[PDB]
């Protein structure tokens, strides 16, 4: 049997197709902040797609842009999990 050359990739994008992605100059980016927090809390507990779903929720719920420019103010973000994986991924074993 062969496997597809594109199989077993996972693309954890910070934002949906076509959209800006937000970075705070003091705190870091919304997505990376949230990704690291969820990996620290759940990497010994949850499968990777479920960790990334918690990241989606955290970015969606806990962040909103603040800008003096009305065009860029009060904006929201959703990340975008793109999986060509063929198995569940746990960072722990045994």
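Numbering follows the first chain given and starts at 1.
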Quick tally, chain-level thirds of C-alpha B-factors: residue 41 sits in the highest
Sorting the chain's modelled residues by C-alpha B-factor, tell me whether residue 14 ends up in the lowest, middle or highest third.
lowest
Lowest, middle or highest third of the chain for the C-alpha temperature factor of residue 5?
middle
Lowest, middle or highest third of the chain for the C-alpha temperature factor of residue 66?
middle
Would you please rank residue 77 by its C-alpha temperature factor against the other modelled residues of its chain and give the third it falls in: lowest, middle or highest?
lowest
